[PDB]
$ cat final.pdb   # PDB, N, CA and C atoms
MODEL        1
ATOM      1  N   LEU A   1     128.169  21.317 154.097
ATOM      2  CA  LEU A   1     127.285  22.367 154.589
ATOM      3  C   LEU A   1     127.760  23.746 154.150
ATOM      4  N   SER A   2     129.076  23.970 154.145
ATOM      5  CA  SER A   2     129.605  25.258 153.711
ATOM      6  C   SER A   2     129.348  25.482 152.229
ATOM      7  N   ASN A   3     129.590  24.458 151.406
ATOM      8  CA  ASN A   3     129.248  24.552 149.992
ATOM      9  C   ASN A   3     127.766  24.854 149.815
ATOM     10  N   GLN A   4     126.921  24.188 150.607
ATOM     11  CA  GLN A   4     125.482  24.391 150.497
ATOM     12  C   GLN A   4     125.097  25.825 150.825
ATOM     13  N   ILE A   5     125.618  26.372 151.926
ATOM     14  CA  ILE A   5     125.202  27.713 152.336
ATOM     15  C   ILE A   5     125.777  28.760 151.390
ATOM     16  N   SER A   6     126.974  28.513 150.850
ATOM     17  CA  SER A   6     127.540  29.455 149.887
ATOM     18  C   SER A   6     126.718  29.488 148.604
ATOM     19  N   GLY A   7     126.414  28.313 148.048
ATOM     20  CA  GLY A   7     125.551  28.265 146.879
ATOM     21  C   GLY A   7     124.183  28.853 147.159
ATOM     22  N   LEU A   8     123.671  28.629 148.368
ATOM     23  CA  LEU A   8     122.381  29.182 148.755
ATOM     24  C   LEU A   8     122.416  30.703 148.794
ATOM     25  N   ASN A   9     123.480  31.284 149.347
ATOM     26  CA  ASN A   9     123.590  32.737 149.395
ATOM     27  C   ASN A   9     123.679  33.323 147.993
ATOM     28  N   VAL A  10     124.528  32.742 147.139
ATOM     29  CA  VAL A  10     124.640  33.286 145.787
ATOM     30  C   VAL A  10     123.334  33.094 145.018
ATOM     31  N   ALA A  11     122.596  32.017 145.303
ATOM     32  CA  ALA A  11     121.318  31.801 144.640
ATOM     33  C   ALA A  11     120.277  32.809 145.103
ATOM     34  N   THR A  12     120.262  33.127 146.399
ATOM     35  CA  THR A  12     119.348  34.154 146.889
ATOM     36  C   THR A  12     119.691  35.515 146.299
ATOM     37  N   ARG A  13     120.984  35.801 146.128
ATOM     38  CA  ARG A  13     121.369  37.058 145.493
ATOM     39  C   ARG A  13     120.892  37.109 144.045
ATOM     40  N   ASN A  14     121.105  36.024 143.294
ATOM     41  CA  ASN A  14     120.630  35.976 141.914
ATOM     42  C   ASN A  14     119.113  36.102 141.851
ATOM     43  N   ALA A  15     118.409  35.509 142.818
ATOM     44  CA  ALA A  15     116.957  35.636 142.862
ATOM     45  C   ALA A  15     116.539  37.070 143.152
ATOM     46  N   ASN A  16     117.314  37.783 143.971
ATOM     47  CA  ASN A  16     117.017  39.189 144.224
ATOM     48  C   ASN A  16     117.213  40.028 142.965
ATOM     49  N   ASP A  17     118.303  39.781 142.232
ATOM     50  CA  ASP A  17     118.486  40.476 140.959
ATOM     51  C   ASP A  17     117.356  40.150 139.989
ATOM     52  N   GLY A  18     116.893  38.899 139.989
ATOM     53  CA  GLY A  18     115.769  38.540 139.140
ATOM     54  C   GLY A  18     114.485  39.241 139.542
ATOM     55  N   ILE A  19     114.256  39.379 140.850
ATOM     56  CA  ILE A  19     113.098  40.124 141.335
ATOM     57  C   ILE A  19     113.157  41.563 140.847
ATOM     58  N   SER A  20     114.333  42.187 140.937
ATOM     59  CA  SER A  20     114.463  43.566 140.476
ATOM     60  C   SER A  20     114.244  43.671 138.969
ATOM     61  N   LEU A  21     114.784  42.718 138.208
ATOM     62  CA  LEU A  21     114.596  42.712 136.760
ATOM     63  C   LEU A  21     113.119  42.598 136.403
ATOM     64  N   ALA A  22     112.423  41.648 137.027
ATOM     65  CA  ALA A  22     110.991  41.511 136.808
ATOM     66  C   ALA A  22     110.227  42.744 137.265
ATOM     67  N   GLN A  23     110.729  43.461 138.271
ATOM     68  CA  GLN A  23     110.067  44.687 138.704
ATOM     69  C   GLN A  23     110.179  45.770 137.638
ATOM     70  N   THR A  24     111.366  45.919 137.044
ATOM     71  CA  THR A  24     111.506  46.846 135.921
ATOM     72  C   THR A  24     110.600  46.443 134.764
ATOM     73  N   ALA A  25     110.509  45.139 134.492
ATOM     74  CA  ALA A  25     109.630  44.670 133.426
ATOM     75  C   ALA A  25     108.171  44.996 133.728
ATOM     76  N   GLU A  26     107.756  44.826 134.984
ATOM     77  CA  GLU A  26     106.379  45.121 135.367
ATOM     78  C   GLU A  26     106.090  46.612 135.264
ATOM     79  N   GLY A  27     107.067  47.447 135.618
ATOM     80  CA  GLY A  27     106.891  48.881 135.446
ATOM     81  C   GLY A  27     106.733  49.273 133.988
ATOM     82  N   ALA A  28     107.578  48.715 133.119
ATOM     83  CA  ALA A  28     107.447  48.988 131.691
ATOM     84  C   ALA A  28     106.101  48.511 131.159
ATOM     85  N   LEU A  29     105.634  47.354 131.631
ATOM     86  CA  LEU A  29     104.335  46.857 131.192
ATOM     87  C   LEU A  29     103.197  47.745 131.680
ATOM     88  N   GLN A  30     103.289  48.259 132.908
ATOM     89  CA  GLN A  30     102.287  49.202 133.396
ATOM     90  C   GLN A  30     102.266  50.464 132.545
ATOM     91  N   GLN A  31     103.449  50.962 132.176
ATOM     92  CA  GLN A  31     103.510  52.095 131.259
ATOM     93  C   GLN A  31     102.832  51.766 129.935
ATOM     94  N   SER A  32     103.030  50.543 129.440
ATOM     95  CA  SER A  32     102.368  50.130 128.204
ATOM     96  C   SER A  32     100.851  50.111 128.367
ATOM     97  N   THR A  33     100.366  49.667 129.530
ATOM     98  CA  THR A  33      98.926  49.701 129.785
ATOM     99  C   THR A  33      98.400  51.129 129.797
ATOM    100  N   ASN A  34      99.141  52.054 130.412
ATOM    101  CA  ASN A  34      98.723  53.454 130.384
ATOM    102  C   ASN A  34      98.680  53.985 128.956
ATOM    103  N   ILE A  35      99.666  53.610 128.140
ATOM    104  CA  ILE A  35      99.696  54.073 126.756
ATOM    105  C   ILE A  35      98.506  53.522 125.980
ATOM    106  N   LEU A  36      98.172  52.247 126.187
ATOM    107  CA  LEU A  36      97.029  51.669 125.485
ATOM    108  C   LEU A  36      95.716  52.271 125.977
ATOM    109  N   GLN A  37      95.648  52.619 127.262
ATOM    110  CA  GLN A  37      94.478  53.322 127.781
ATOM    111  C   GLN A  37      94.305  54.669 127.098
ATOM    112  N   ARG A  38      95.392  55.436 126.984
ATOM    113  CA  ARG A  38      95.319  56.710 126.273
ATOM    114  C   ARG A  38      94.981  56.505 124.800
ATOM    115  N   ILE A  39      95.442  55.396 124.217
ATOM    116  CA  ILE A  39      95.126  55.095 122.826
ATOM    117  C   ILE A  39      93.631  54.876 122.653
ATOM    118  N   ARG A  40      93.023  54.056 123.516
ATOM    119  CA  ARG A  40      91.576  53.863 123.437
ATOM    120  C   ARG A  40      90.835  55.162 123.720
ATOM    121  N   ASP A  41      91.358  55.970 124.647
ATOM    122  CA  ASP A  41      90.786  57.284 124.917
ATOM    123  C   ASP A  41      90.675  58.103 123.638
ATOM    124  N   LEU A  42      91.806  58.317 122.965
ATOM    125  CA  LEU A  42      91.797  59.142 121.760
ATOM    126  C   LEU A  42      91.051  58.458 120.618
ATOM    127  N   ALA A  43      90.993  57.124 120.629
ATOM    128  CA  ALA A  43      90.307  56.403 119.563
ATOM    129  C   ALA A  43      88.797  56.573 119.667
ATOM    130  N   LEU A  44      88.249  56.412 120.872
ATOM    131  CA  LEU A  44      86.823  56.649 121.059
ATOM    132  C   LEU A  44      86.494  58.132 120.971
ATOM    133  N   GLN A  45      87.458  59.003 121.282
ATOM    134  CA  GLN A  45      87.260  60.424 121.027
ATOM    135  C   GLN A  45      87.205  60.703 119.530
ATOM    136  N   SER A  46      87.886  59.880 118.732
ATOM    137  CA  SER A  46      87.888  60.035 117.284
ATOM    138  C   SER A  46      86.564  59.655 116.639
ATOM    139  N   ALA A  47      85.585  59.169 117.406
ATOM    140  CA  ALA A  47      84.257  58.963 116.842
ATOM    141  C   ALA A  47      83.680  60.268 116.319
ATOM    142  N   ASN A  48      83.699  61.320 117.144
ATOM    143  CA  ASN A  48      83.442  62.709 116.754
ATOM    144  C   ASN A  48      82.205  62.878 115.875
TER     145      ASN A  48
ATOM    146  N   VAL B   1     119.884  48.858 155.114
ATOM    147  CA  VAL B   1     119.323  49.753 154.110
ATOM    148  C   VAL B   1     119.497  51.214 154.527
ATOM    149  N   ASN B   2     120.668  51.775 154.224
ATOM    150  CA  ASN B   2     120.963  53.151 154.613
ATOM    151  C   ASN B   2     121.522  54.024 153.499
ATOM    152  N   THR B   3     122.104  53.468 152.434
ATOM    153  CA  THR B   3     122.618  54.315 151.364
ATOM    154  C   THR B   3     121.514  54.877 150.482
ATOM    155  N   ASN B   4     120.298  54.348 150.582
ATOM    156  CA  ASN B   4     119.154  54.842 149.826
ATOM    157  C   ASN B   4     117.889  54.247 150.429
ATOM    158  N   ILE B   5     116.765  54.907 150.166
ATOM    159  CA  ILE B   5     115.465  54.494 150.680
ATOM    160  C   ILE B   5     114.529  54.314 149.496
ATOM    161  N   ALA B   6     113.813  53.189 149.467
ATOM    162  CA  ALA B   6     112.903  52.902 148.365
ATOM    163  C   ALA B   6     111.627  53.732 148.413
ATOM    164  N   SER B   7     111.539  54.719 149.306
ATOM    165  CA  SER B   7     110.333  55.529 149.431
ATOM    166  C   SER B   7     110.146  56.512 148.283
ATOM    167  N   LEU B   8     111.018  56.507 147.273
ATOM    168  CA  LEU B   8     110.906  57.478 146.192
ATOM    169  C   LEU B   8     109.724  57.203 145.268
ATOM    170  N   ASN B   9     109.073  56.045 145.399
ATOM    171  CA  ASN B   9     107.784  55.857 144.743
ATOM    172  C   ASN B   9     106.777  56.881 145.247
ATOM    173  N   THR B  10     106.848  57.208 146.537
ATOM    174  CA  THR B  10     106.021  58.276 147.083
ATOM    175  C   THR B  10     106.401  59.626 146.487
ATOM    176  N   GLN B  11     107.691  59.835 146.205
ATOM    177  CA  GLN B  11     108.102  61.044 145.497
ATOM    178  C   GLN B  11     107.465  61.116 144.116
ATOM    179  N   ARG B  12     107.504  60.010 143.373
ATOM    180  CA  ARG B  12     106.863  59.971 142.061
ATOM    181  C   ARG B  12     105.376  60.288 142.178
ATOM    182  N   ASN B  13     104.712  59.687 143.167
ATOM    183  CA  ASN B  13     103.281  59.904 143.340
ATOM    184  C   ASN B  13     102.963  61.347 143.707
ATOM    185  N   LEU B  14     103.759  61.967 144.583
ATOM    186  CA  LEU B  14     103.491  63.357 144.935
ATOM    187  C   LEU B  14     103.768  64.279 143.756
ATOM    188  N   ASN B  15     104.775  63.954 142.940
ATOM    189  CA  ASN B  15     105.026  64.732 141.730
ATOM    190  C   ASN B  15     103.822  64.661 140.796
ATOM    191  N   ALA B  16     103.320  63.446 140.554
ATOM    192  CA  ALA B  16     102.164  63.281 139.676
ATOM    193  C   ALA B  16     100.939  63.999 140.228
ATOM    194  N   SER B  17     100.699  63.888 141.537
ATOM    195  CA  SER B  17      99.534  64.538 142.123
ATOM    196  C   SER B  17      99.670  66.054 142.080
ATOM    197  N   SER B  18     100.897  66.571 142.181
ATOM    198  CA  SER B  18     101.095  68.009 142.045
ATOM    199  C   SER B  18     100.822  68.463 140.617
ATOM    200  N   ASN B  19     101.234  67.665 139.628
ATOM    201  CA  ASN B  19     100.882  67.983 138.246
ATOM    202  C   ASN B  19      99.368  68.018 138.065
ATOM    203  N   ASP B  20      98.674  67.008 138.598
ATOM    204  CA  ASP B  20      97.217  66.976 138.497
ATOM    205  C   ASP B  20      96.587  68.172 139.203
ATOM    206  N   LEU B  21      97.151  68.572 140.343
ATOM    207  CA  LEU B  21      96.596  69.687 141.101
ATOM    208  C   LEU B  21      96.784  70.996 140.347
ATOM    209  N   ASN B  22      97.958  71.191 139.745
ATOM    210  CA  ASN B  22      98.179  72.390 138.941
ATOM    211  C   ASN B  22      97.248  72.424 137.735
ATOM    212  N   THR B  23      97.029  71.273 137.093
ATOM    213  CA  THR B  23      96.121  71.243 135.950
ATOM    214  C   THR B  23      94.696  71.582 136.371
ATOM    215  N   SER B  24      94.226  70.997 137.476
ATOM    216  CA  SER B  24      92.881  71.302 137.958
ATOM    217  C   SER B  24      92.769  72.757 138.395
ATOM    218  N   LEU B  25      93.841  73.306 138.968
ATOM    219  CA  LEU B  25      93.856  74.715 139.336
ATOM    220  C   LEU B  25      93.691  75.600 138.112
ATOM    221  N   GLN B  26      94.449  75.317 137.051
ATOM    222  CA  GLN B  26      94.281  76.054 135.804
ATOM    223  C   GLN B  26      92.853  75.927 135.291
ATOM    224  N   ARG B  27      92.325  74.702 135.279
ATOM    225  CA  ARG B  27      90.981  74.470 134.759
ATOM    226  C   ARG B  27      89.946  75.288 135.519
ATOM    227  N   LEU B  28      90.078  75.354 136.844
ATOM    228  CA  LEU B  28      89.094  76.084 137.636
ATOM    229  C   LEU B  28      89.288  77.591 137.520
ATOM    230  N   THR B  29      90.528  78.049 137.335
ATOM    231  CA  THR B  29      90.756  79.489 137.295
ATOM    232  C   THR B  29      90.442  80.085 135.930
ATOM    233  N   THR B  30      90.462  79.281 134.865
ATOM    234  CA  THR B  30      89.984  79.776 133.579
ATOM    235  C   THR B  30      88.536  79.399 133.308
ATOM    236  N   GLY B  31      87.961  78.509 134.114
ATOM    237  CA  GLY B  31      86.618  78.027 133.885
ATOM    238  C   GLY B  31      86.484  77.009 132.777
ATOM    239  N   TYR B  32      87.590  76.571 132.180
ATOM    240  CA  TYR B  32      87.574  75.661 131.039
ATOM    241  C   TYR B  32      88.098  74.299 131.482
ATOM    242  N   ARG B  33      87.296  73.249 131.276
ATOM    243  CA  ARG B  33      87.772  71.900 131.573
ATOM    244  C   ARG B  33      88.934  71.527 130.663
ATOM    245  N   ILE B  34      88.762  71.702 129.355
ATOM    246  CA  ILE B  34      89.904  71.644 128.454
ATOM    247  C   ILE B  34      90.568  73.016 128.442
ATOM    248  N   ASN B  35      91.834  73.055 128.836
ATOM    249  CA  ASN B  35      92.546  74.319 128.874
ATOM    250  C   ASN B  35      92.799  74.815 127.455
ATOM    251  N   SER B  36      93.138  76.102 127.350
ATOM    252  CA  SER B  36      93.704  76.615 126.109
ATOM    253  C   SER B  36      95.007  75.908 125.758
ATOM    254  N   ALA B  37      95.491  75.039 126.643
ATOM    255  CA  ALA B  37      96.718  74.294 126.439
ATOM    256  C   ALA B  37      96.480  73.086 125.535
ATOM    257  N   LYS B  38      97.452  72.173 125.565
ATOM    258  CA  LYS B  38      97.483  71.034 124.655
ATOM    259  C   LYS B  38      96.270  70.121 124.793
ATOM    260  N   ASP B  39      95.662  70.065 125.978
ATOM    261  CA  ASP B  39      94.754  68.974 126.310
ATOM    262  C   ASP B  39      93.576  68.897 125.345
ATOM    263  N   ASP B  40      93.289  67.676 124.883
ATOM    264  CA  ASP B  40      92.153  67.378 124.011
ATOM    265  C   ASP B  40      92.226  68.194 122.715
ATOM    266  N   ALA B  41      93.263  67.880 121.932
ATOM    267  CA  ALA B  41      93.507  68.586 120.678
ATOM    268  C   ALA B  41      92.301  68.551 119.748
ATOM    269  N   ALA B  42      91.563  67.439 119.724
ATOM    270  CA  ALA B  42      90.337  67.388 118.933
ATOM    271  C   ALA B  42      89.284  68.325 119.510
ATOM    272  N   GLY B  43      89.062  68.243 120.823
ATOM    273  CA  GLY B  43      88.193  69.208 121.473
ATOM    274  C   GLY B  43      88.699  70.626 121.316
ATOM    275  N   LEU B  44      90.022  70.794 121.257
ATOM    276  CA  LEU B  44      90.587  72.120 121.035
ATOM    277  C   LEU B  44      90.208  72.653 119.659
ATOM    278  N   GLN B  45      90.309  71.813 118.627
ATOM    279  CA  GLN B  45      89.882  72.208 117.289
ATOM    280  C   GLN B  45      88.403  72.558 117.272
ATOM    281  N   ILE B  46      87.587  71.717 117.909
ATOM    282  CA  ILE B  46      86.152  71.982 117.972
ATOM    283  C   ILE B  46      85.892  73.335 118.619
ATOM    284  N   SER B  47      86.603  73.634 119.708
ATOM    285  CA  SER B  47      86.369  74.873 120.441
ATOM    286  C   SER B  47      86.818  76.087 119.637
ATOM    287  N   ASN B  48      87.990  76.007 119.003
ATOM    288  CA  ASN B  48      88.455  77.130 118.196
ATOM    289  C   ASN B  48      87.518  77.386 117.024
ATOM    290  N   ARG B  49      87.061  76.319 116.365
ATOM    291  CA  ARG B  49      86.147  76.491 115.242
ATOM    292  C   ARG B  49      84.814  77.069 115.704
TER     293      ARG B  49
ENDMDL
END

$ encode --input "final.pdb" --output "structure tokens"
Amino acid sequence: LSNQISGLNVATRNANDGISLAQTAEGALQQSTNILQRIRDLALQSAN
Amino acid sequence: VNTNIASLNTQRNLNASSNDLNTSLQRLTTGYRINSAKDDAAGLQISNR
């Protein structure tokens, strides 16, 4: 039981670090969506 | 959770909204939707020409 709870705690910690990593990835992807939105903005403005 | 608070997303949002508010303030005080500033460089060329 002690081995189980210790491995469980370290696994929950690793899962928390993974959640944070994926959160940074999601933020970067949202920034990419904003950049592509601005790209389409200037592209359709380039119809002129 | 005491060494830091994750509420700084609200700080980011208030910063962005203050930028938007200053831009709209400029737009209304000069009467120009596109400012004499950087915004809409193509529209800026059209306006200068």

$ select_by_dssp --input "final.pdb" --residues "chain B" --states "alpha helix (DSSP H)" --output "count of residues only"
31

$ interface_residues --input "final.pdb" --of "chain A" --to "chain B" --cutoff "12 Å" --atoms "only C-alpha atoms" --output "PyMOL selection string"
chain A and resi 27+38+41-48

$ axis_aligned_box --input "final.pdb" --around "segment 32-37 of chain B" --padding-each-side "3 Å" --output "JSON"
{"center_x": 92.0, "center_y": 74.1, "center_z": 128.9, "size_x": 15.4, "size_y": 11.1, "size_z": 12.6}

$ atom_distance --input "final.pdb" --atom1 "atom C of residue 36 of chain A" --atom2 "atom C of residue 6 of chain B"
27.5 Å
